[PDB]
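[1] opening with a subset of the complex:
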Amino acid sequence: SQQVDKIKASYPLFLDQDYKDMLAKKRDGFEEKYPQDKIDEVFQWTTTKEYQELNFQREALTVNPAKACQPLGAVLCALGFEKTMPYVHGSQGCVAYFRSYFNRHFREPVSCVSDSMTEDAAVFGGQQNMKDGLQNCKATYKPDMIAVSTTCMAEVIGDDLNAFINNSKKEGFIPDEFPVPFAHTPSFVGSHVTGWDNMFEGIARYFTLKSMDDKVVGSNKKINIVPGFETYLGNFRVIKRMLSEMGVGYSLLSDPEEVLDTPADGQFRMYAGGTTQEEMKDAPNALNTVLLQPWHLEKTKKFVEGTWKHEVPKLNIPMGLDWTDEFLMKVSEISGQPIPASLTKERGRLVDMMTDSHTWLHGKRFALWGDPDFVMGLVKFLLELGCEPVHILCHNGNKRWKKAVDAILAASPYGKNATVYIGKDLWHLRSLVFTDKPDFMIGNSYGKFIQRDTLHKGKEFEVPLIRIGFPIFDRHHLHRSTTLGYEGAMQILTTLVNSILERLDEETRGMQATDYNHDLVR
Amino acid sequence: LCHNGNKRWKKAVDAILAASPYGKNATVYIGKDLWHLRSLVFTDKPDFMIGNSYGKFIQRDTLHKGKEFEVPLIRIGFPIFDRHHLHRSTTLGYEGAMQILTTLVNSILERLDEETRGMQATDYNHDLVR
Amino acid sequence: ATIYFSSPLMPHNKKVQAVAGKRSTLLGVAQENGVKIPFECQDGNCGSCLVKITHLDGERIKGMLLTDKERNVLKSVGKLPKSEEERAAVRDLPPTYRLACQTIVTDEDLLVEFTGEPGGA
């Protein structure tokens, strides 16, 4: 029953006595449920250490992974160019899932098309599909560019994009001068960041391979910035602001900043902003190219070094204090522009906040996961705060990244109790946080379940989660936050310290039991 | 509630409340202190409180009555003592409205997540996407 | 999947075991077992691989997709009544006559009959 004045949604409507009795009768009669004591015993068994060692002996099964397939990153990279349509050569379910994922994360429209290959393509290939799709997309949505990726189906079939696009151009489906860069992005190699790398390299090679004769390094006096797989608009904003406040002329390549943040003014803009084609054509003219996330832009680095003849700096991701300082110093060295006073004042403010919050941030144990560059930047920033990252997890990390992270940890006294895992999923992390309890977790929304599991053991075993990473579905407008640079460091610091204070306030609230530590001033 | 408000301010707020259909159940208090607000939130329970750090006690009081009666607090104002670097926030203009909206929606979502974290009891509403 | 190939050209019907859902079609299964179904194209438009497929286990009939190329070839051959087209379009049920080069083996027992002539008498 419902009261018209107070209408209840599923929670707590399904907590009513009649619904409870219905569910109890259903479980008793038809579900054949295991006894509750047996379920509790199995849960306790899953908590223990022997379950952990049985867990880590897994080599064929993956439970709750943390990574996506390459065409997702390929679509994200394609979205960052002006009037560019992402076009995935394969099945339509891939595109539907990509659009749903990015829609749930950014809460903004995402445009992507596919040729919808079916059993006919499975038997006889999908060149006709590519021709018809290119013609239909150009006729209907009128893009200045079509950026083509592939699914696992097109990779297993062996459908080669070069011949298909050349035939579609030669047979008159699209004009011969229409720019159609492509990339092979198999979903069984690497992760979404590898797809972003492949797509960016494909576009760059499409525009800067046949015109190397008249390019001289440094003619336009600009610096190329490659952001990589970035899901925080604040990072694009902070990079643009930091380079603009210093007098460095830059050319940001593949920026989805404007298209993923469009105003609601009664009209829908299918395209907005993006890197302009003449910026891609003039890219080799720049003084140098700096990769913001070098650990997933390896192929792009190779192409830039070997064809553009740029000496790409060996820089880390501009996260934290030291790495942002190194980034600014390298940019100053390349461009010849000195550091302005505003950046120094911002750094001083960040150090002031660090010294203010060090008392609460000291000695806290974090288990974190995410992408390689983001994870290593977060680990460095945590070590800079006096925190102890006890469990470090990266599903799509290699052994060289593990070596680099271990070298970073060994250079600080706060990384003694730190272990790095590569190739492990979130079930491994659940086992780790159950057997070696940290103070907090740092990751995407998929950790919200792990916390739930910990709460089943007891309030004294619950490990709160902090939502930094991709994707965040259970919170609104967190994609506008900043992670890179000084202001990103301040935002992360504020989030961490306020989460610590919120946890302490929640624990010390019971009257006459723990509220003696419910201090007004913290 | 506004301890240092006057009669003209009360009239202005009543006028702004009458202009919108959502101000039907609104009452403006001037000269009242936080004990009056404690009584008001105990007898007419709202969903959330908005104010400075001094409200943290009121929430505690509500939690002593029961979890279902707890009124969580959102720290927007002066002074904030139990939180770090919140004085750097913005309140005026479009950016301030953006921050306030984000804070309110995220507080609501955290409360909902807390209310539905019980395994096999209320976790059926522990949605991944909200 | 158990497939029984039958033909007046074959002295005896053959029983073969096939992996269901393979990218290689019934034509791959026919070729690897030496069943001489006349294949005369590589784009699936000739229709010479026309066969009659009977699902021996009526309960274990698997829904499939009848592609437009197969439908058009079968109409050009004449082995496609309007009732079977409606059944395939609404209930996603395979027709009696199929093309071996475009037929994906399903997990059931099948009887495949061919006369050795190209589709269309």
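    Great, that's in hand. Numbering: from 1, shown residues only, chains lettered A, B, ... in the order given.
[2] in stretch C:28-47, what counts as buried?
    Buried positions in stretch C:28-47, judged by neighbour count with 16 or more other CB atoms under 10 Å in any protein chain shown: C:28-30, C:35, C:37, C:39, C:44, C:46-47. Where you see a C-beta, it was placed from the backbone N, CA and C, and this is true even at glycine.
[3] could you find the closest non-adjacent residue to the residue nearest the centre of chain A?
    In chain A, the centroid-proximal residue (CA atoms, centre = their mean) is residue A:470; its distance is 4.2 Å. Excluding its sequence neighbours, the residue lying closest to residue A:470 (CB to CB, 6 or more residues apart in numbering or on different chains) is residue A:231, at 4.3 Å.
[4] spit out the contact partners of that neighbour.
    A:76, A:105-106, A:470-471, A:479 (CB atoms under 8 Å, 6 or more residues apart in numbering or on different chains).
[5] distance to residue A:86 and secondary structure for those residues - can I get that in JSON lines?
    Listed next are the contacts of residue A:231 as JSON lines, based on distance: CB to CB, whole Å; DSSP: H, G, I helix; E, B strand; the rest coil:
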{"residue": "A:76", "distance to residue A:86": "8", "secondary structure": "helix"}
{"residue": "A:105", "distance to residue A:86": "16", "secondary structure": "helix"}
{"residue": "A:106", "distance to residue A:86": "14", "secondary structure": "helix"}
{"residue": "A:470", "distance to residue A:86": "18", "secondary structure": "coil"}
{"residue": "A:471", "distance to residue A:86": "18", "secondary structure": "coil"}
{"residue": "A:479", "distance to residue A:86": "19", "secondary structure": "helix"}
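[6] and those residues, which two are the farthest apart?
    A:76 and A:479 (12.6 Å; CB to CB).
[7] looking at the two, which one has more neighbours?
    Remark: of residue A:76 and residue A:479, residue A:76 carries more neighbours, 26 against 19, as counted by other CB atoms under 10 Å in any protein chain shown.
[8] residue contacts, the more buried one?
    Residues near residue A:76 by CB under 8 Å, 6+ apart: A:102, A:192, A:196, A:229, A:231, A:256.
[9] I'd assumed residue C:109 was in contact with residue C:53.
    No. Residue C:53 is not in contact with residue C:109 according to CB atoms under 8 Å; the separation is 11.0 Å.
[10] can you get me a residue count around the closest residue to residue C:68 other than its chain neighbours?
    Spatially, and ignoring its direct neighbours in sequence, residue C:68 is nearest to residue A:120 (7.6 Å; CB to CB, 6+ apart). Residue A:120 sits with 18 neighbouring residues when counted by other CB under 10 Å.
[11] residue A:54 too?
    Neighbours of residue A:54 under the rule other CB under 10 Å: 13.
[12] what's the distance between it and chain B?
    22 Å (CB to the nearest CB, to the nearest Å).
[13] another chain to add, chain D:
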Amino acid sequence: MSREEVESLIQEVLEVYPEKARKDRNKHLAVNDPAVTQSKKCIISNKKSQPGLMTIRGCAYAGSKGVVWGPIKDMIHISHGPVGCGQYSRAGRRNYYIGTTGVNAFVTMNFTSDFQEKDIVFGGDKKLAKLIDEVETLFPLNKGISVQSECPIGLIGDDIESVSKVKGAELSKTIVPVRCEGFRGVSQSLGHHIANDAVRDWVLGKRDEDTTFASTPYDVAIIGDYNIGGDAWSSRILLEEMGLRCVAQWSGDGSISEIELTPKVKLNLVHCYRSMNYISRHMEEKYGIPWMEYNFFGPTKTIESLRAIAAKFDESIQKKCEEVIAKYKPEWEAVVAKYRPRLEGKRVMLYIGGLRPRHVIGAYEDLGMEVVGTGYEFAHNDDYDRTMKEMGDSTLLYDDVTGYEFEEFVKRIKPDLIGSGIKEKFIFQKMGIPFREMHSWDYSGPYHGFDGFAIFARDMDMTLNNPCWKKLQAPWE
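    Take a look at chain D, now in place beside the chains above:
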């Protein structure tokens, strides 16, 4: 009204397409005429999507793993293949359930083989067997395993049926191989068909030789209800208050035991015809169980369906149905009296997957709204047969509508509300038009029964009558 205007709008919209695309898409747009009994002469459905037109359809894996097999809680579903497919469908659908996740329930967890290059080149059958062993050791309380295959599984030629049989014989477990590769079929409908075939072939015929279960003449089984936000529970309380006994639930909050016990049911109550008509027809042909379609959207459809269901039993069930209707009448009368004046006369446009565009029409009309345009992504011609009568004259019908087509239709018609999925919500909210998610209930619900009708009316009033829609234009613009 304005049927000629509707046809001219369709003709103008179809102008941008090339000749092939225009000719194909002309068959999929229609003007509704309620007197038509056969949709084949008016609209065409269940065809492939035109390449590069931004269709909203999914794949067979979405319709099989994500829709039918996923809600089953005590089984473990392995996304056989690369990692993305399981990741994007993880907990994206609100099929509610009761249980302790990770111990005896596994609805919101992602099991995958995580295929790599060597898996593609050499195969994953040995990897599949090893994975099954690891699942058995790590999750002892699971009551069954289903292996949902993705595109590379069928593309490289893996034999998962033989592996399933061998492992099920070895471990005495129910292992169900589902060949739901994405390229098979043009949409999720073939995924529904394949999932139903797998259920029939590997699960349903298990308790055939036993009779331990005590049957009752009032035994019904809910078919095609997936508990989206708790809809199945509201329907269940409505049915149990009538005196019937619900034995099975397909598949929201469903268990393997309920599926196996379904053949011992007197009557099948099919909510979603599109997804579970196959298994209902199989049950009627094999076990002789009659099945009937009902509607629990809004008070009018709920009352009509309740009376129709009661008509199939003795007079005690009819008297209990009348008692239930009398009990629940004042609640929905009060809901209507509260919310109808705010929503009366508004025009709504719909575009959902299957059987929801026609089912929710009665709920909208119970609050005075009228549907001016509806359509489906993957409904067949029988669904259009069913939905022609329920829609007013000279209204718009679309099948597999594209982004451009839907945008232009919405721009010309200018409806007061649009109910569709997540991939159009942010497109139509930036145009200043209220939007409702009709797949996930906008993270609200349930909408079934009177308890759901209250929430439905509240949600429509909340979204439609919101101040934010009055401020889309700046005052100085």
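[14] what do you get for the nearest residue to residue C:68 once chain D is counted?
    residue D:48 (6.9 Å).
[15] can you give me the domain boundaries for the chain?
    Using chain A here. As given by CATH domains of a matching chain, the domain ranges for chain A are A:69-214, A:215-319, A:320-363+A:484-522, A:364-469.
[16] actually chain D
    D:1-59+D:342-476, D:60-202, D:203-317.
[17] near chain C, which residues of chain D show up?
    Residues of chain D lying near chain C by CB under 8 Å from any CB of the partner chain: D:40, D:46-48, D:149, D:153-159, D:161-162, D:177, D:179, D:181, D:184-186, D:189-190, D:193-194, D:197, D:200-201, D:278, D:282, D:286, D:380-382.
[18] can you do 7 Å?
    Taking CB under 7 Å from any CB of the partner chain as the criterion, chain D approaches chain C at residues D:46, D:48, D:154-155, D:157, D:159, D:161, D:179, D:184-186, D:190, D:193-194, D:197, D:201, D:380-382.
[19] residue D:233 looks like it's in a strand, true?
    No. Counting by DSSP: H, G, I helix; E, B strand; the rest coil, residue D:233 is located in no strand; its state is helix.
[20] so how far is chain B from the residue positioned nearest the centre of chain C?
    Closest to where the C-alpha atoms of chain C average out (CA atoms, centre = their mean) is residue C:98, at 3.7 Å. Using CB to the nearest CB, residue C:98 is found at 43 Å from chain B.
[21] just to revisit the earlier point, among the domains of chain A, which comes closest to residue C:83?
    domain A:69-214 (22.9 Å).
[22] tell me the contacts of residue D:81?
    D:113, D:115, D:149-153 (CB atoms under 7 Å, 6 or more residues apart in numbering or on different chains).
[23] what comes up buried for stretch D:6-15?
    For stretch D:6-15, burial by neighbour count (16+ other CB under 10 Å) applies to D:6, D:9-10, D:13-14.
[24] ok now it, how far from the chain's centre?
    How far stretch D:6-15 lies from its chain's middle: 30 Å, per CA atoms, centre = their mean, to the nearest Å.
[25] show me what residue of chain D gets nearest to chain C.
    residue D:193 (3.6 Å; CB to the nearest CB).
[26] run a quick neighbour tally on that residue.
    Residues within reach of residue D:193, counting by other CB under 10 Å, total 28.
[27] before we move on, the earlier item: helix or strand for the residue nearest to the centre of chain C, which one?
    In the assignment (DSSP states H and E), residue C:98 maps to strand C:97-99.
[28] pull the distance from the helix or strand following that strand to the chain's centre.
    Note on strand C:97-99: by DSSP H and E, the next helix or strand toward the C-terminus is strand C:109-113. Computed by CA atoms, centre = their mean, the separation of strand C:109-113 from the middle of its chain amounts to 8 Å.
[29] what lines up beside strand C:109-113 in the sheet?
    Using DSSP bridges, strand C:109-113 pairs in its sheet with strand C:2-6 (parallel), strand C:50-55 (antiparallel).
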